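What follows is one structure encoded as C-alpha cells, with my remarks underneath.
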There are 4 protein chains.
Amino acid sequence: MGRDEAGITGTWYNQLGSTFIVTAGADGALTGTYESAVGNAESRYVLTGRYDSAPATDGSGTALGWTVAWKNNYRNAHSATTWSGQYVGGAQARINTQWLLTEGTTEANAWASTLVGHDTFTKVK
Amino acid sequence: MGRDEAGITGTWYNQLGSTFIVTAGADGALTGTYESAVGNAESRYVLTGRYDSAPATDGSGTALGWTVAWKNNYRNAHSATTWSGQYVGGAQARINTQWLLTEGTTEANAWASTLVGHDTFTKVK
Amino acid sequence: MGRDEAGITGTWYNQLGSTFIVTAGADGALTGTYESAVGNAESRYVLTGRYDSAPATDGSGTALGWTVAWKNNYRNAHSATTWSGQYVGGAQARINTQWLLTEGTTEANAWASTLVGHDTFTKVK
Amino acid sequence: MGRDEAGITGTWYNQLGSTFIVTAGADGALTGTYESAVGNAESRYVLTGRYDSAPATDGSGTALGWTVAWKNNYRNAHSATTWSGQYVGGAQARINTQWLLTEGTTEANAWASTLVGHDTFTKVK
C-alpha cells in the first residue's frame, strides 16, 4: 500500500466549503469527485490525479496533484483547475495546495485565461 | 467522441524537449506518460488528467489539465507537477500551459515548496 | 490623500513572522522596508510598489503590489520577490497576497527559477 | 553603477506589443512607465521596482521585479500587476517574466481575484 494511501483516502473540505472526495491507490493514483461551493459549478465533477506513494520519512509532506474539468451533466464552464500541493498527516491532517484555473479563450484573450490561488483542505468542517 | 479527442490524442513536445504522450477519452479523461528532458527525472512517468469534451465553438481553446507525480521504477523526486492550459487546434496545433511543481517539505520549508512556470507543446520537434 | 493611504501606511506582519514597513503616498506610491523571517535574508531590504489610490466604494478591496530585491549591505541572494494582492480595511485589516520569487539562473536552469506562494499580512503579531 | 544598469535602462517590448520604459539606478531602483496593448488600460502608467545591482558572474541572469497599479488620469481598472523575472544580457537581450494581476474584489469573489501569466520583453519590435 502507498505510505499515505490510508491518510489521503476520504472526504476533505476547503476554506470555501468545497468538498473533495478521493481514493488513493497503492500505485500513486487519485480518483474521486469535487464539488465547488463557488463559481460556475453545481453538483459533483470527476477528478483524477497522482501522489507520491513512497514519500521521504523525515516529517516531510507528501507531494500530490489533481485536475477537475468543469463539465458535468448540469453545466459546462469551459475550464479546468489543477491543484498542486502536499499532504501533511497527523491529528490536524491537511492538504496545502496552490491551483491554476484555465478557461478556454480566443487567442486575443489568452493573456487573461488563467487564475491562480490557494486552498487548504482539512478532514473537518 | 469528445470534440478535440482526435486533436489532443498523440505525442507532444515542449520547448525543453520533454515528451508528453496522451490519450483523450470521449468522457473527458486524459491518460498517458511524461518524460522530462530536465530535472530529477528519467524515463517515463504516469500521468492523468481531464479536458473539456464539449468546448465553445467560437475559435475558443479547449481547457485541460494533468498531473505527474515524479516517482517511477528508477527515481523518486518526492514532487508532483500539474499543468493547466488550453489546446488550440489547426495546422500549428498547440497546448499552452502554466504549471505548478510542488516538492514535499518540512513545515519550516513549506514557504519554498512550489515552483511555477509555463510550457508550450507542439506536435513537431 | 489616497482613500486607503492612512489604512495601508504602517507596520504589517505575515504568517511567517516577517515585518513589512510601508508608507503609502497620495499619488499611489508604496515605499518602505521588508525583513524576512525565512530564507537567505537578514535585516531590512528596500521595497517599492504601487496601490490603487481611488478604489471601488462597494466593500471591494484595494489592489496593490510591491517588490523586494534580496540585496542589502549584509547579503545578496540574487533574487527578487513581488507581492500582488489586495488591502481589506476594518477592525481586522488584512493585506492578502500571492507572490513570485525569481532567482537569477543559467539558461539551462531557468525552468526552475521561480517560486510561487501566498502571504497574509495583519497589523498585529 | 549597477552591473546591468546600462543593459536594463531603456525601452522594452513584450509579445503582446506592450511598451515598458525603465531607468535602472545604481542603488537597485527601477522607475518608469508601462503602456499595455491589452486590457482595461490606455496610455502610460507609473511603475516602480527593484533589481539585483550585483548579480552572479557565471552566465546567470539578473533578478528583478516591478509593479504597475492600473490607475492613471484616463482610467482606473482597480488592479495591480507585478512582474518577477530575470534580465539576460547580450545581442538578443531579454527580460523573462512571470506576472500576477490582482483586481480589487468583494470577500465573496476574492478566490477569483488573481490572474497569472508570463511576458518576454525584447529591445526590438
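In the C-alpha cells, chains take the letters A, B, ... in the order shown, each chain's residues start at 1, and ligands count up from 1 in the order shown.
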**Q.** Backbone-only DSSP, strand (DSSP E or B) members of chain A, as a ChimeraX atom specification
**A.** /A:10-13,19-24,29-35,45-51,62-71,76-88,94-103,114-122
Could the residues in this selection be written to a file with C-alpha atoms, as a short mmCIF file (atom, residue, chain, number, x, y, z; two decimals), in the first residue's frame?
data_model
loop_
_atom_site.label_atom_id
_atom_site.label_comp_id
_atom_site.auth_asym_id
_atom_site.auth_seq_id
_atom_site.Cartn_x
_atom_site.Cartn_y
_atom_site.Cartn_z
CA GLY A 10 -11.66 10.07 2.23
CA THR A 11 -13.60 13.32 2.32
CA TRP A 12 -11.87 16.72 2.59
CA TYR A 13 -13.20 20.25 2.91
CA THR A 19 -15.93 19.04 -0.84
CA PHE A 20 -13.08 16.87 -2.25
CA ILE A 21 -13.81 13.09 -2.18
CA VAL A 22 -10.75 11.00 -3.12
CA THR A 23 -9.48 7.42 -3.22
CA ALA A 24 -5.68 6.96 -3.19
CA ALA A 29 -3.45 7.06 -8.42
CA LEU A 30 -6.03 9.63 -7.14
CA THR A 31 -9.64 9.21 -8.28
CA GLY A 32 -12.83 10.89 -6.99
CA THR A 33 -15.22 13.82 -7.19
CA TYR A 34 -15.10 17.54 -6.46
CA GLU A 35 -17.99 19.85 -5.55
CA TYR A 45 -17.28 16.72 -11.12
CA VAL A 46 -14.85 13.94 -11.91
CA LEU A 47 -11.27 14.34 -10.73
CA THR A 48 -8.09 12.40 -11.27
CA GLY A 49 -4.53 12.88 -10.14
CA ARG A 50 -1.35 11.40 -8.70
CA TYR A 51 0.54 11.32 -5.39
CA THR A 62 3.67 14.02 0.55
CA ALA A 63 3.51 15.67 -2.90
CA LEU A 64 0.28 15.32 -4.92
CA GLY A 65 -1.88 16.96 -7.56
CA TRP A 66 -5.21 16.58 -9.29
CA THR A 67 -7.37 18.00 -12.08
CA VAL A 68 -11.07 18.86 -12.47
CA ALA A 69 -12.54 19.83 -15.87
CA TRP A 70 -15.69 21.85 -15.09
CA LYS A 71 -18.08 19.86 -17.34
CA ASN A 76 -20.00 23.35 -18.68
CA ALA A 77 -17.78 26.24 -17.52
CA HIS A 78 -15.23 25.51 -20.32
CA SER A 79 -12.41 25.47 -17.76
CA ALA A 80 -10.10 23.21 -15.77
CA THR A 81 -8.45 23.59 -12.36
CA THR A 82 -5.29 21.81 -11.26
CA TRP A 83 -4.28 21.67 -7.58
CA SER A 84 -0.59 21.05 -6.73
CA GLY A 85 0.41 20.61 -3.09
CA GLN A 86 1.37 18.39 -0.21
CA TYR A 87 -0.45 16.18 2.29
CA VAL A 88 0.67 16.61 5.96
CA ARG A 94 -4.07 18.97 5.96
CA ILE A 95 -3.67 19.12 2.19
CA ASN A 96 -1.99 22.51 1.43
CA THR A 97 -2.39 23.45 -2.28
CA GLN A 98 -1.92 26.10 -4.89
CA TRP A 99 -4.12 25.96 -8.01
CA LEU A 100 -4.31 27.14 -11.60
CA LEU A 101 -7.77 27.61 -13.25
CA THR A 102 -7.60 27.95 -17.04
CA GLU A 103 -10.65 28.92 -19.14
CA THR A 114 -5.58 31.65 -16.04
CA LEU A 115 -6.45 32.38 -12.38
CA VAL A 116 -4.11 31.35 -9.52
CA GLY A 117 -4.99 30.75 -5.89
CA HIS A 118 -4.52 28.58 -2.84
CA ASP A 119 -6.79 26.09 -0.99
CA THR A 120 -6.24 24.34 2.34
CA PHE A 121 -8.18 21.11 2.89
CA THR A 122 -9.00 19.58 6.30
#
Give the superposed chain B as a CSV table (one decimal) with C-alpha atoms, in the first residue's frame, the fit being least squares on chain C over all ordered C-alpha pairs.
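Okay, this is what ended up in selection_35.csv:
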chain,number,residue,atom,x,y,z
B,1,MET,CA,-5.0,61.8,0.0
B,2,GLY,CA,-5.3,58.2,-1.3
B,3,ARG,CA,-8.6,56.6,0.0
B,4,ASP,CA,-6.6,53.9,2.0
B,5,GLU,CA,-3.3,56.0,2.4
B,6,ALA,CA,-4.0,56.0,6.2
B,7,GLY,CA,-5.1,52.3,6.4
B,8,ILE,CA,-2.1,51.0,4.4
B,9,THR,CA,0.7,53.1,6.0
B,10,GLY,CA,2.4,51.4,8.9
B,11,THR,CA,3.9,48.1,10.1
B,12,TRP,CA,2.5,44.7,9.0
B,13,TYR,CA,3.3,41.2,9.9
B,14,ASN,CA,2.8,37.9,7.9
B,15,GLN,CA,2.2,34.3,8.9
B,16,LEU,CA,6.0,33.6,8.8
B,17,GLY,CA,6.8,36.4,11.2
B,18,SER,CA,8.2,38.7,8.5
B,19,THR,CA,7.9,42.5,9.0
B,20,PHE,CA,6.6,44.8,6.2
B,21,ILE,CA,7.0,48.6,6.9
B,22,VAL,CA,5.3,50.8,4.3
B,23,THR,CA,4.4,54.4,3.6
B,24,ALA,CA,1.5,54.9,1.1
B,25,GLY,CA,1.7,58.2,-0.9
B,26,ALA,CA,-1.3,60.3,-2.1
B,27,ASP,CA,-0.2,59.6,-5.7
B,28,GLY,CA,-0.3,55.7,-5.5
B,29,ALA,CA,3.4,55.2,-4.3
B,30,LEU,CA,4.5,52.5,-1.8
B,31,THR,CA,7.9,52.9,-0.2
B,32,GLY,CA,9.5,51.1,2.8
B,33,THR,CA,11.4,48.1,4.1
B,34,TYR,CA,10.9,44.3,4.4
B,35,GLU,CA,12.5,41.9,6.8
B,36,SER,CA,12.0,38.2,6.1
B,37,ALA,CA,11.9,35.7,9.0
B,38,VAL,CA,12.9,32.9,6.5
B,39,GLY,CA,15.3,32.3,3.6
B,40,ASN,CA,18.7,33.7,2.5
B,41,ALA,CA,17.9,37.1,4.2
B,42,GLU,CA,19.0,39.2,7.1
B,43,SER,CA,17.9,42.6,8.4
B,44,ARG,CA,16.0,45.1,6.2
B,45,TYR,CA,15.7,45.4,2.4
B,46,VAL,CA,14.3,48.2,0.3
B,47,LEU,CA,10.9,47.8,-1.2
B,48,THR,CA,8.8,49.9,-3.6
B,49,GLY,CA,5.4,49.4,-5.2
B,50,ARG,CA,2.1,50.9,-6.1
B,51,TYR,CA,-1.5,50.8,-4.9
B,52,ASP,CA,-4.9,52.0,-6.3
B,53,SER,CA,-5.4,55.4,-4.6
B,54,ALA,CA,-9.1,55.6,-5.7
B,55,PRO,CA,-10.6,52.1,-5.2
B,56,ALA,CA,-14.2,50.9,-5.8
B,57,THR,CA,-16.6,52.0,-2.9
B,58,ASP,CA,-18.7,48.8,-2.6
B,59,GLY,CA,-16.8,46.7,0.1
B,60,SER,CA,-14.2,45.9,-2.7
B,61,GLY,CA,-10.6,45.5,-1.6
B,62,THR,CA,-7.8,47.9,-2.8
B,63,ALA,CA,-5.3,46.4,-5.3
B,64,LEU,CA,-1.6,46.8,-4.6
B,65,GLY,CA,1.8,45.3,-5.2
B,66,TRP,CA,5.5,45.7,-4.3
B,67,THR,CA,9.0,44.3,-5.0
B,68,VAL,CA,12.0,43.4,-2.9
B,69,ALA,CA,15.4,42.6,-4.5
B,70,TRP,CA,17.2,40.5,-1.9
B,71,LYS,CA,20.5,42.6,-1.9
B,72,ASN,CA,21.4,44.7,1.1
B,73,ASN,CA,24.7,45.6,2.9
B,74,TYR,CA,24.7,42.1,4.6
B,75,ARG,CA,23.7,39.6,1.9
B,76,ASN,CA,22.9,39.1,-1.8
B,77,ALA,CA,20.5,36.2,-2.5
B,78,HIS,CA,20.5,37.1,-6.3
B,79,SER,CA,16.7,37.1,-6.3
B,80,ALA,CA,13.6,39.3,-6.2
B,81,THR,CA,10.1,38.8,-4.8
B,82,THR,CA,6.9,40.5,-6.0
B,83,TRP,CA,3.7,40.5,-3.9
B,84,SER,CA,0.4,41.2,-5.7
B,85,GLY,CA,-2.8,41.4,-3.7
B,86,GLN,CA,-5.5,43.5,-2.0
B,87,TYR,CA,-5.8,45.5,1.2
B,88,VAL,CA,-9.1,44.9,3.1
B,89,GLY,CA,-9.8,47.6,5.8
B,90,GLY,CA,-11.6,47.4,9.1
B,91,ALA,CA,-11.1,46.1,12.7
B,92,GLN,CA,-9.2,43.0,11.4
B,93,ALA,CA,-7.5,44.8,8.4
B,94,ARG,CA,-5.5,42.5,6.1
B,95,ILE,CA,-3.3,42.5,3.1
B,96,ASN,CA,-4.0,39.2,1.2
B,97,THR,CA,-1.2,38.5,-1.3
B,98,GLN,CA,0.3,36.0,-3.7
B,99,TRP,CA,4.0,36.2,-4.6
B,100,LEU,CA,6.5,35.3,-7.2
B,101,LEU,CA,10.2,34.8,-6.1
B,102,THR,CA,12.6,34.7,-9.1
B,103,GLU,CA,16.3,33.8,-8.6
B,104,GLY,CA,19.0,34.5,-11.3
B,105,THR,CA,19.9,31.3,-13.1
B,106,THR,CA,21.8,30.0,-16.1
B,107,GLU,CA,19.6,29.5,-19.2
B,108,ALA,CA,19.7,25.7,-18.6
B,109,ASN,CA,18.2,26.1,-15.0
B,110,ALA,CA,15.7,28.9,-16.0
B,111,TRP,CA,12.7,26.4,-15.9
B,112,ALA,CA,13.3,26.2,-12.1
B,113,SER,CA,13.9,29.9,-11.5
B,114,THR,CA,10.6,31.0,-9.9
B,115,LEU,CA,8.8,30.0,-6.6
B,116,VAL,CA,5.1,30.9,-6.0
B,117,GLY,CA,3.3,31.3,-2.7
B,118,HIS,CA,0.9,33.3,-0.6
B,119,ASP,CA,1.3,35.7,2.4
B,120,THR,CA,-1.4,37.2,4.6
B,121,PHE,CA,-0.4,40.4,6.5
B,122,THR,CA,-2.1,41.7,9.6
B,123,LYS,CA,-1.4,44.8,11.8
B,124,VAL,CA,-0.9,42.5,14.9
B,125,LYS,CA,1.6,39.7,15.8
